[PDB]
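Take a look at the structure set out below.
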Amino acid sequence: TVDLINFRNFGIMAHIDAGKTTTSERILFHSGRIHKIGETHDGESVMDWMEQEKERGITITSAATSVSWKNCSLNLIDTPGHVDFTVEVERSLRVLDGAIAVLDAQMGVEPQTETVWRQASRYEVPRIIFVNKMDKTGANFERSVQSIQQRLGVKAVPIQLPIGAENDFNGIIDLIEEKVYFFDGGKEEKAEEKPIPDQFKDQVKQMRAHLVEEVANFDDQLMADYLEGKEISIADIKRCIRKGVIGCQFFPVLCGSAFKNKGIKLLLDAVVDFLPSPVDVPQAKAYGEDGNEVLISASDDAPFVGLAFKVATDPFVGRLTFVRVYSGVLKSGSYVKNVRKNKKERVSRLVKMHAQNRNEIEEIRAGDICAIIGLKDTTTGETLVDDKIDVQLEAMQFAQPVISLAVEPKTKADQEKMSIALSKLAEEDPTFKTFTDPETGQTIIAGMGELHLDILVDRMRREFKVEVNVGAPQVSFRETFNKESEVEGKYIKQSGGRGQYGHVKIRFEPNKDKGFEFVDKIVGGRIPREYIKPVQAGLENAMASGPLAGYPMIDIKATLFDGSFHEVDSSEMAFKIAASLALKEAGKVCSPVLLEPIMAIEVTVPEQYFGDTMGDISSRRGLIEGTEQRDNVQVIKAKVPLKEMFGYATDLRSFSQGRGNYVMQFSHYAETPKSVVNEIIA
Amino acid sequence: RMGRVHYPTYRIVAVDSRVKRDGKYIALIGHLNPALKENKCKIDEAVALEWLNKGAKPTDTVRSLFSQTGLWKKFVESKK
Amino acid sequence: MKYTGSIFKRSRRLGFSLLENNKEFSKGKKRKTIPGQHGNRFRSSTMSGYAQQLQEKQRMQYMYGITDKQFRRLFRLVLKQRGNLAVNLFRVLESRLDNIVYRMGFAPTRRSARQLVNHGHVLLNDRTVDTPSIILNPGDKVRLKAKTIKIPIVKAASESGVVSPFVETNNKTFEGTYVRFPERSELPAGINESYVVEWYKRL
Amino acid sequence: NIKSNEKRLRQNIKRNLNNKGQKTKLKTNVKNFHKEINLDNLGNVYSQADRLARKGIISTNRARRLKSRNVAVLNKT
RNA sequence: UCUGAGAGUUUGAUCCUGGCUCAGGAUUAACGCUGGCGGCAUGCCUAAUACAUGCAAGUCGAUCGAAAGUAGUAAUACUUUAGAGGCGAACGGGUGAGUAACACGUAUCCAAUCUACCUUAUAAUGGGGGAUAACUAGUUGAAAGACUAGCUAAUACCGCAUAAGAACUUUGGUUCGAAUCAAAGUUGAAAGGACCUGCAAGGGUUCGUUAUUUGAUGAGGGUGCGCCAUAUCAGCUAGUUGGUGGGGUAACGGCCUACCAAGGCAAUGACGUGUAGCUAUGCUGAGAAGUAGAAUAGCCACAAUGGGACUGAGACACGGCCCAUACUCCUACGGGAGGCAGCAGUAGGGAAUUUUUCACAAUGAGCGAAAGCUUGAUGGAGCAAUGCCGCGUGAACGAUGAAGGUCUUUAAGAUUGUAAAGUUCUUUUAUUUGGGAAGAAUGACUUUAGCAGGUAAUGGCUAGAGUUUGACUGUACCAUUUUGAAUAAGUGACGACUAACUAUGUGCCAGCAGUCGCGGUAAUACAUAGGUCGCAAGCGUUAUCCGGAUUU
């Protein structure tokens with residue numbers, strides 16, 4: 001590569017309903033503050049649609065957001081927009097070098113910002129903190145600066161101080177420099193340099209007496225200066241905070257309002273000064289396919305390694321493979337290798353996107369993002385190589401589509417077109433599972449939540465032009481029967497040209513913990529041994545149908561007692577049919593019953609949803625017994641019917657504000673109560 | 001032209017320099033392989049004289065071989 | 001396949017040594033029985049006109065290692081000439097480079113000759129040949145400039161020279177030359193070339 | 001379109017208006033000859049045929065055929 | 001003399017009428033398993049289905065005025081052209097929807113044609129005018145542009161002198177619808193540019209002009225033959241069948257018009273129908289023939305669709321135009337712009353048919369004395385076992401036959417298997433080092449020798465000159481060029497046809513299946529292990545053309 005010290009790439013990570021569209025638009029505008037063509041005023045003149053935060057925030061720009069700031073090219077990316085579905089977030093995280101976590105201002109809960117921060121801290125990647133709105137009701141500075149430590153305790157350092165409380169918001173009291181007033185209520189153009197207000201000088205000093213003190217964990221000379229009271233150079237403490245944030249020792253917090261556009265220039269200055277470069281970030285290594293498969297890093301000079309993470313179809317030129325090249329330098333018109341598929345891919349052309357425009361750069365260096373036209377066979381989750389060597393892949397995706405829904409094809413041709421839509425929609429994110437049940441028949445497709453299923457439907461009907469009916473998930477039952485009985489089977493019949501006859505006598509007995517079992521009682525030669533085995537099969541096929549809803553009958557012990565083999569009219573399949581008649585007749589006599597699937601669900605909650613889950617299980621269904629008291633949490637295991645999971649994924653999640661989790665494991669089939677007997681039957 | 005890749009061949013033709021090649025020909029005059037230069041040809045200069053009498057200027061670089069045929073000694077200086 | 005792999009295995013079922021007799025005759029014992037764990041008495045239960053035709057053709061290409069497409073190439077080449085096509089083809093059957101080198105006292109086996117030729121140790125008329133299938137013609141000179149001192153095989157063949165009127169050779173000067181077309185009487189007669197040329201009209 | 005077609009248009013449009021004028025005045029001469037027969041308009045057509053057939057405006061065959069027809073029908077007068 | 005091989009198959013059985021199947025080839029081949037590579041090509045057949053982007057056919061300043069900019073005190077020289085004027089554009093490439101007929105091919109006829117640029121052949125290459133282009137200023141809008149008024153150049157446009165020669169008119173002179181001559185009547189010929197020379201006068205070179213006669217080229221027109229099936233398609237036909245005059249096409253021609261009539265064709269099949277680009281030819285057979293008209297080559301039709309015209313020698317013009325249709329795109333919304341059956345690339349489809357790759361190195365085509373410019377043609381190169389050809393993955397010796405395993409069924413033996421182990425050797429290819437091409441025996445370029453009418457001299461030409469041209473290519477390959485067995489073999493069948501079976505499981509079920517047919521209790525027919533055999537980086541499977549089938 002060239003100048004890897006400057007190829008600092010970042011990701012746009014915004015909270016749900018925290019102005020995702022708004023915050024993303026302001027980040028584009030400030031990143032768009034390059035006056036070579038007028039991108040500043042061009043972004044200033046944008047007023048877009050308002051349907052959903054994530055959707056409009058994504059569709060306003062392209063995923064690849066290549067911009068520059070005064071020395072360095074930055075590739076901002078906002079692919080994740082969701083209830084914070086994990087895979088896109090972590091994939092972008094491995095693509096990005098650093099990230100900004102947007103805090104919620106309408107309320108103080110911000111239940112999903114803590115989740116994205118958990119995911120970010122999981123990878124040791126550096127981050128920064130910034131409250132989205134300093135003008136929204138409920139956006140209290142004290143609330144945020146106390147809640148961060150109460151919920152997480154990450155030693156976040158609040159650097160800059162605002163001026164006003166959600167109505168009087170008019171500037172920032174800068175800590176590193178003098179005060180900066182922002183009279184703009186939007187569309188940031190000028191910053192008013194002012195001296196620090198007198199009444200808050202001490203407000204600085206204390207924090208100042210802490211700030212250097214907060215970076216006092218790096219050297220002893222800083223402590224000596226603190227004892228002396230001698231001021232440390234602002235550049236020195238700035239670099240100390242940079243080392244802290246890149247090393248995840250602490251994280252700075254800044255203030256501003258997206259709807260008011262105040263103090264984001266300060267954020268950009270901080271990003272340039274303190275956020276890391278690929279040389280400054282740790283080495284998140286990949287994995288090969290041989291058994292030990294890696295003792296290597298990117299090395300960033302000329303081994304070309306780049307993770308294939310997203311593809312989008314431009315109508316003019318076909319597919320577009322967006323890739324962040326981790327190492328090496330690549331040109332166009334060259335065949336790259338995919339060892340996961342062992343295939344050649346010709347790089348027809350290269351392209352870079354800023355907001356929506358194409359820039360054909362014939363060469364891409366390490367530490368950048370780009371898109372490729374060509375490469376019509378590669379999917380996401382893979383790593384691209386051109387040296388004919390096995391690919392090293394770094395993938396730790398988290399797939400939790402805990403809810404599934406059945407999508408109903410209107411026709412077998414509709415089934416085929418929906419499978420084509422599945423092929424299109426699985427290349428972007430295959431975490432969703434699809435099953436075509438052999439018994440229930442309806443196609444089950446997994447999703448995260450209401451918005452996830454909604455967006456899948458939107459791509460199906462609009463992006464894919466595929467129209468398919470939607471239904472309800474399908475996993476039905478099992479059948480068995482009550483107390484034993486013994487009947488006979490006599491099939492004297494014929495269909496095709498001659499006589500046929502057969503007759504057997506069997507015992508129809510339940511076996512609670514054993515499947516099909518055969519016991520013979522032929523002592524007087526009523527049935528030759530040749531007919532012992534076929535009759536068993538006649539039983540094994542007869543249980544498949546039930547008189548209530550038609551599920552196979554299991555947990556039955558069969559005991560053949562007697563029979564009659566006649567002359568040429570007798571044949572083995574006639575005995576099998578007679579045994580089938582006997583089995584069905586006895587099943588009708590012995591009052592068949594049904595069994596429902598039962599999953600064992602374990603829920604671990606600190607304190608919040610104890611009574612909520614108790615009442616949900618008691619009201620809906622399930623088998624429960626009291627409490628488990630784990631180290632600092634409450635754990636409840638319930639053996640609950642699998643039907644009860646319908647909407648439970650969002651009944652628990654809605655009550656938990658998105659902070660719920662569980663484990664779904666199938667336990668066993670259990671007797672169906674009379675209510676279930678009335679519901680399912682037609 | 002014809003032959004193989006890395007193996008060119010072009011049968012010399014007194015063809016109209018304004019009509020495309022690889023078509024019907026009034027008279028084919030000579031052949032030559034331009035890969036290895038040894039100047040093997042089957043020139044006639046009998047009907048080619050008539051062609052030059054009625055124009056029929058061959059392709060661009062034929063004039064060099066025309067010098068070897070020595071027609072300049074018998075065509076342009078034929079009025080004095 | 002360019003090589004049969006195991007060559008004694010070829011003489012097992014065939015019962016004919018590709019050498020004079022010493023192929024499967026002196027390696028500890030003489031194993032001239034046909035292979036197969038299912039082996040049993042077989043005297044007249046597997047031989048027919050079709051079977052003997054296959055046997056002759058198989059031993060014929062085994063003696064030279066000709067692939068199917070090259071076999072049809074040689075068939076068309078001998079079609080290009082007239083007369084008794086069987087005997088003329090048989091004369092062309094010696095036109096292999098490795099076969100000649102073996103018959104020139106320059107290689108104890110045609111397999112060794114082939115693998116020397118591919119290695120580039122042979123010089124065919126100021127043109128080193130790596131393909132050992134080139135067609136011989138009378139009046140060809142060969143050299144073994146320098147990749148022969150380190151080869152004990154070529155020297156051992158040189159001391160065990162072969163006498164032939166259709167070619168000339170100075171084995172002590174590493175010189176060989178194709179003189180005239182070979183004679184039928186100098187070559188094994190158990191092979192029948194007619195049935196194969198009857199068998200080759202299938203294009 | 002391409003610039004070369006624009007240049008060809010910018011030329012041949014005016015050349016075609018000129019040719020239209022020449023053809024219509026030749027037509028007018030033919031009309032005046034059709035009204036009455038005289039040697040003066042015969043000379044007029046003689047001149048005009050050479051004016052127009054000189055360029056590509058009028059084909060030699062057409063001009064010769066028309067003048068031959070007019071002089072032939074004149075031969076009886 | 002070119003030149004010919006079948007097999008099984010009903011039934012108690014035998015043949016016969018006679019069907020079937022494959023053994024064989026071919027294929028834009030497709031698919032499976034796999035797969036180093038050389039060289040030879042080729043590499044949408046689905047949707048003339050819809051397409052972003054780039055080139056896709058432009059050139060000339062020594063044709064013209066002038067503009068812009070450099071140098072120069074200025075003049076002027078130079079660099080580029082906004083434009084005009086000249087020419088190429090109709091070449092060429094691609095497609096096969098249409099078209100079942102002069103369309104191909106073929107033999108001839110055009111007593112009825114034309115055909116710049118290029119052949120022959122001569123007459124000269126003037127006198128002017130009056131205009132606009134470009135530009136300037138204004139009007140309308142972001143702009144593209146559009147509109148208005150002023151100034152002019154051109155080898156541009158249009159009169160004016162003569163027309164050598166032709167052509168027309170008339171008279172005389174020809175030939176089996178003809179052609180040739182003489183005289184007279186009439187008409188209309190050019191434009192200049194550059195260079196050398198010359199005080200000048202003027203002369204010359206060279207380009208171009210005009211008209212003239214003659215090649216060739218291409219196009220048009222005439223027919224004969226050859227150029228699918230359909231009668232479970234027998235009437236069609238009123239510009240229809242001809243005649244007179246006129247218009248008309250490069251010419252003839254109801255091609256068309258006015259008038260005059262009512263014929264003309266068609267059972268040897270018109271018309272209607274569907275199926276179609278045609279040929280040389282690719283493949284299949286010995287052939288009569290069939291197969292299809294790959295690619296290429298020739299010819300014809302088309303350029304989003306229907307017309308219509310436009311100049312130009314030549315077009316109703318891939319990439320000129322208008323209308324109308326249908327679409328798409330932009331519009332700050334008033335209006336505009338366009339057509340990949342061009343190169344690719346992209347979307348869909350299918351099983352699938354590739355690079356928006358390089359240089360114009362060569363060739364070619366165009367423009368131009370000249371240099372020079374264009375050239376998604378061209379030549380290469382990328383990719384694909386897609387076909388063809390060619391090569392390796394070792395080789396010399398090497399054991400009563402290493403170890404294990406298999407059968408034999410504990411016993412020996414065989415068996416895997418010279419395969420192994422072992423010694424020795426090697427390197428096309430893998431890979432380091434230097435060599436290393438022709439392709440350009442062309443083309444430019446001026447001075448020389450010479451030729452040549454002139455000569456005052458440049459220039460017109462032939463023999464040598466190097467500064468001149470390489471993507472391909474420090475390429476293939478080669479001196480053990482470094483090391484090194486190292487860098488590498490699968491596939492099908494094994495009851496018979498059809499050269500290829502043992503052990504185990506197995507129970508008309510599982511399954512094989514080209515056919516005959518197998519498997520219901522130890523199956524040489526299935527499934528696995530081992531072994532055998534045949535082809536091989538190809539082997540298996542499918543479709544379709546033929547041989548076999550002489551089985552219309």
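For the structure tokens, the naming scheme is as follows: chains receive sequential letters (A, B, ...) according to their order of presentation, residues are indexed from 1 within each chain, and ligands are indexed from 1 in presentation order.
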Practice task
Could you find all residues in range 152-330 of chain A that DSSP calls alpha helix (DSSP H) from the backbone, and write them as an MDAnalysis selection string?
Solution key: chainID A and resid 201:214 220:228 234:246 264:274
Handout entry: chain E contacts to chain B at 9 Å (only C-alpha atoms (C1' of nucleotides)) as a ChimeraX atom specification
Key = /E:40-41,91-92,118-120,215-217,297-298,362-365,380,438-439,441-443,461-462
Exercise for the section: Identify, with DSSP run on backbone atoms, the residues in chain B assigned to strand (DSSP E), and express the list as a count of residues only. Expected result: 6
What are the closest atom pairs, with distances in Å to one decimal, for each residue of chain E lying within 9 Å of chain D, using only C-alpha atoms (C1' of nucleotides), rows by chain and rising residue number, as CSV?
```
residue,atom,partner,partner_atom,distance
E:58,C1',D:4,CA,7.7
E:157,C1',D:18,CA,8.6
E:167,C1',D:64,CA,7.7
E:168,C1',D:68,CA,6.5
E:169,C1',D:71,CA,7.3
E:186,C1',D:43,CA,6.8
E:187,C1',D:46,CA,5.0
E:188,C1',D:50,CA,5.2
E:250,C1',D:61,CA,6.6
E:310,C1',D:16,CA,7.6
E:311,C1',D:12,CA,5.5
E:312,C1',D:56,CA,8.1
E:313,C1',D:56,CA,8.6
E:319,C1',D:1,CA,8.0
E:320,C1',D:5,CA,5.9
E:321,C1',D:9,CA,8.7
E:338,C1',D:1,CA,8.4
```
Problem - Pick from C:95, C:48, C:33, C:4, whichever lies nearest to residue 78 in chain C using only C-alpha atoms - result: C:95
Exercise for the section: Give the residues of chain E that lie within 9 Å of chain C; count only C-alpha atoms (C1' of nucleotides), and format the answer as an NGL selection string. Expected result: :E and (5 or 24-26 or 389-392 or 394-396 or 398-401 or 406-407 or 414-415 or 417-419 or 424-428 or 480 or 489 or 499 or 501-502 or 530-532 or 535-537)
Problem - Close residues, residue 492 in chain E itself excluded, 12 Å, only C-alpha atoms (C1' of nucleotides), min 5 positions apart in chain, as a PyMOL selection string - result: chain E and resi 33+500+533-536+538-541
